[PDB]
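What follows is each chain in one-letter form.
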Amino acid sequence: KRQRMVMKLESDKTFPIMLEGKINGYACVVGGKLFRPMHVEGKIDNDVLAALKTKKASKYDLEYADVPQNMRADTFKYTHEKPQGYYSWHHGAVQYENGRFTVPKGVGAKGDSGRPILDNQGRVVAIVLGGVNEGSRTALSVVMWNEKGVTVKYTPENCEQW
Amino acid sequence: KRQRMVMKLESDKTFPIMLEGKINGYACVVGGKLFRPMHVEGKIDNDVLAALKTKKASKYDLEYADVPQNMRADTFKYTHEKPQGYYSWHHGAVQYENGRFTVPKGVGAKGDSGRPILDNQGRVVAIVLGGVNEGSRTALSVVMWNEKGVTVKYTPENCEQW
Amino acid sequence: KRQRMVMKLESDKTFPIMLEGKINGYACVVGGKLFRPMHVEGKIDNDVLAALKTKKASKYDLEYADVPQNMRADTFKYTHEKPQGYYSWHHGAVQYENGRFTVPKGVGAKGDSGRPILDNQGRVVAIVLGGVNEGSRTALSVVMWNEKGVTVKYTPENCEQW
Amino acid sequence: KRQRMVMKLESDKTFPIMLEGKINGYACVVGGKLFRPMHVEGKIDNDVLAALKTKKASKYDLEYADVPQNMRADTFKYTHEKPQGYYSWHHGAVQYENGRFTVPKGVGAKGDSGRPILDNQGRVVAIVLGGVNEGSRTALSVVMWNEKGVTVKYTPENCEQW
Amino acid sequence: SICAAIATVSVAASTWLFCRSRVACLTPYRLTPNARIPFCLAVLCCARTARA
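Residues numbered from 1 in each chain as written, not as in the entry; some residues may be left out. Chains lettered and ligands numbered in written order. Part of a larger assembly, values for the part shown. Heavy atoms only, no water.

Determination of this PDB entry was carried out by cryo-EM to a resolution of 4.3 Å, according to the record.

Identification of chain E as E2 envelope glycoprotein from Venezuelan equine encephalitis virus is taken from the PDB entry.

Within the PDB entry, the label attached to chain A reads Capsid, and the organism entered is Venezuelan equine encephalitis virus.

Structure below.
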């Protein structure tokens, strides 16, 4: 499964945020428009996409920009059906319970911001922005969207920017 | 089953209340915060947890305290689905009927206060605080919580602090 | 024999006097009422028995208290028939001669106060309170009771509180 | 070697400092007089030695007391010959270099205060009082004495009381 | 002075009633294992209640 998830993430145009030769994060295109975590500095690893001017959203520490329709051709597919269970992402699985996403300890660190969370159908259900040490596991700070289109950001108390 | 219940209770950080070398009760962490029966005197068998200041609740003869998030990592999982049937706890099974928990006579005594009641999934459904002789069985005085979050304490008439 | 003596002492409710985790003496129940050496500080190793209020007797450095009849059910059996010979107690045998109890050297020390002396029938004949170095043996300071009910305390000159 | 070191430490009268049933440190007799780290609370595990009144030395956080000559019969042998190399103590070996004692990381923790350091001849060369995390190793805070009889305490910057 | 004493007794009684009401309100505000009790505070609003 993880192999297929990585293949889908690579085939879909996704590009890390390079700064001085260091990967400081990741950015992806979902719903035909690029999003980028505002706290991560640098430029997208795509000259064509870098030409797009982004808008800032301080409240969520996220940025967004318009993507040309011809490049909107193949982007991430979002869904609002988020039942309890387990999902998959770049660094393995993620447990969803009580409305929160949690992963085993030692998974995720500074520079992983921007990795989306995929369901069994390969649809995006959340975007990982950070995390905080949670003993045997760690809880990720993510943003998710309900069927009504409301943006909700779940941030654990004293969450670290990962 | 009882083996798995004991293994889950031991793996999850649970510590008896020691006083002068005598086990006078038990205390556990559910939902990421420690609870302790107020009538039981002594200190938790954990120096790190003992550092936490507790608050008193005379009405239910229970205490509570905040647990550090890093230690909130692995605590008891509570559920509100409490159908009639049988559940499991440290000293065997418990019968749930008419909204009351009952166990066979000779099971439970002074010093067992604090033992939780687990379902088939290992989720906590009630906390045992005492009991009273009920002939061939004994009825335990327990606290349970509905799906609306209301704390309800069921106490048999003339129940003894066990 | 010593095995049976220890089994009888354990089956009968006897509890050492614990202070700061250290065994400083022993106390037992004979004739349905608890006795305790006054010079030994601490509380009996029984919460139910600890609830009993004791009375002091400076003359013999002993305390006494009333035991509930239901707990008077099984206590030590005293007898006044104390012929010369050998008796048994926790740390082996004891020689009775000239009205005095003596044991081999190296047997008994600080913290053994309260150990009773049993006959061949398991009946108490004396209570050990102390002792004094007597060369190849040591002489114990004990209290014994005649068939007339007179309390007589035999204390060697310069006896040490053991 | 470690076996012989433990045998020598046990045969020589050494007693941990017990408080509420917990080993909070260790104390030993060297040169015929007892020493105890002042920061460690509790009483020596020897009633006869506990009868000795100690004197305080705040500067080194150490205590000392006079031991009866009959008990001075068998104490630790101190030497001033402290060449560079490796020595042995309760938790294995210790490296001596640049006038400082160092041991591999994970060796030593709160409650080990009082353990002496022995040479190949079983003679004491230093007393371990604390330590501080030093990466792959840890540096112990110790006191040593030169051939002129000068007490010198080596304490790493920000050393923790172990 | 009589009026002042009566007023003081009234204030003390009101304070005691408020304290008892706060205790009664905190009774459901115990651990109630969820570590989250917004709704009891939002409904009862006894004092220092739901932020939202």
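S.K.: Which parts of the structure should I look at to understand the layout of surface pockets?
M.R.: A water-sized probe rolled over the atoms picks out the places where empty space is left. Approximately 1,700 Å³ is the volume attributed to the second largest pocket. Around the second largest pocket, the lining comprises 43 residues; the ones closest to its centre are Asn98 and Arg100 of chain A together with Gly31, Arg72 and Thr75 of chain B. When residues of the lining of the second largest pocket are traced back to their parent elements, those giving at least two are strand 7 (85-89), strand 8 (92-97), strand 9 (100-104), strand 12 (137-145) and strand 13 (151-154) of chain A together with helix 1 (2-11) and helix 3 (69-72) of chain B. Taken together, the residues that form the lining of the second largest pocket break down as twelve nonpolar, 17 polar and 14 charged. (1 Å grid on protein atoms, 1.4 Å probe; cavity = no way out; pocket = protein on both sides within 12 Å on 5 of 7 lines; lining within 4 Å. Points joined across faces, edges and corners; volume = space filled by probe spheres on them. Helix = DSSP H or I, 4+ residues; strand = E, 2+ residues; numbered from the N terminus. Nonpolar A, V, L, I, M, F, W, Y, C, P; charged D, E, K, R; others polar.)

S.K.: Got a minute to help me understand the sheet that holds strand 2 (residues 22-30) of chain C in this structure?
M.R.: Strand pairs in the sheet, formed through backbone hydrogen bonds, run parallel or antiparallel to each other. All names here are of chain C. Spatially, the six strands line up as an open sheet ordered 4-1-2-3-6-5, and their pairing is antiparallel. Of all the strands in the sheet, just strand 4 (43-44) and strand 5 (54-57) have a single pairing partner and so form its edges. Sheet topology places strand 1 (residues 15-19) next to strand 4; two bridges connect them, and they run antiparallel. Bridged to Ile17 within strand 4 is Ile44. (Pairing = 2+ DSSP bridges.)

S.K.: Can you help me understand the packing of aromatic side chains in this one?
M.R.: Both the distance between ring centres and the angle between the ring planes are used here to describe each pair of aromatic rings. Residues and elements named next belong to chain A. Per the stated rule, a full pass over the model turns up 16 aromatic pairs over all chains. A connected cluster of aromatic rings, assembled from ring pairs, spans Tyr87, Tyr96 and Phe101. The positively charged end of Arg115 is found above the aromatic ring belonging to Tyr26, 3.7 Å away from the centroid. (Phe/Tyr/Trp six-rings, centres within 6.5 Å; stacked < 30°, edge-to-face > 60°. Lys NZ or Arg CZ within 6 Å of the ring centre and 35° of its normal.)

S.K.: Help me understand the arrangement of the chains in this model?
M.R.: Highest in contacts among the four pairs of chains that touch are chains B and E. Separated without contact, chain A and chain C have their nearest C-alpha atoms at a distance of 35 Å. In this assembly chain A lies apart from chain D, the nearest approach of their C-alpha atoms being 21 Å. (Contact = heavy atoms within 4.5 Å.)

S.K.: Could you clarify how one ought to interpret the pattern of salt bridges in this entry?
M.R.: Pairs can form between side chains of opposite charge whenever their charged atoms are close. Counted under the stated rule, the structure contains 20 salt bridges over all chains. The partner of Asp66 of chain A in a salt bridge is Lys33 of chain A, and the shortest N-O contact between them spans 2.7 Å. A residue pair is termed long-range when its members are at least 10 positions apart, and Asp66 of chain A in strand 6 (residues 62-66) and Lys33 of chain A in strand 3 (residues 33-37) qualify at 33 residues. When the shortest N-O distance is used, the salt bridge between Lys77 of chain B and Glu97 of chain A registers 3.2 Å. Within this pair, whereas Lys77 of chain B is found in the loop between helix 3 and strand 7 (85-89), its partner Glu97 of chain A is found in strand 8, the two belonging to separate chains. Residue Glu97 of chain A is classed as partly exposed on the basis of its relative accessible area, which comes to 23%. Each of the salt bridges in this network shares a partner with another, and the network as a whole consists of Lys22 of chain B together with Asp45 and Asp47 of chain C. (Salt bridge = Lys/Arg side-chain N within 4 Å of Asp/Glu carboxyl O. Buried < 20%, exposed > 50% of the residue type's maximum accessible area, 1.4 Å probe, protein only.)

S.K.: Would you mind showing me how to read unusual backbone geometry here?
M.R.: For residues besides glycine, phi is generally negative; the peptide bonds are generally trans as well. In this structure, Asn158 of chain A is a non-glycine residue whose phi angle is positive, near 65 degrees. With respect to the helices and strands, the residue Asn158 of chain A is situated in the segment after strand 13. Of note, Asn98 of chain D is a non-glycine position whose phi angle comes to about 60 degrees, a positive value. Here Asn98 of chain D falls in the exposed class, since its relative accessible area comes to 66%.

S.K.: Can you walk me through the UniProt feature "active site" (unreviewed entry) in chain A in this structure?
M.R.: All names here are of chain A. When the UniProt feature table is mapped onto this chain numbering, "active site" (unreviewed entry) sits at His39, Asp61 and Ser113. The named residues occupy 75 residues along the chain; their greatest pairwise C-alpha distance, 11.2 Å, places them in one compact cluster. When you line up the elements, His39 lands in the loop between strand 3 and strand 4 (43-44). If we ignore the near neighbours within four places in the chain, the residues touching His39 are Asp61, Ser113, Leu129 and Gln161. With respect to the secondary-structure elements, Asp61 resides in the loop between strand 5 (54-57) and strand 6. By relative accessible area, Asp61 is classed as partly exposed at 31%. Residues in contact with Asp61, not counting those within four places in the same chain, are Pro37, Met38, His39 and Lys153. (UniProt positions renumbered as here; feature names shortened; annotations may be inferred.)

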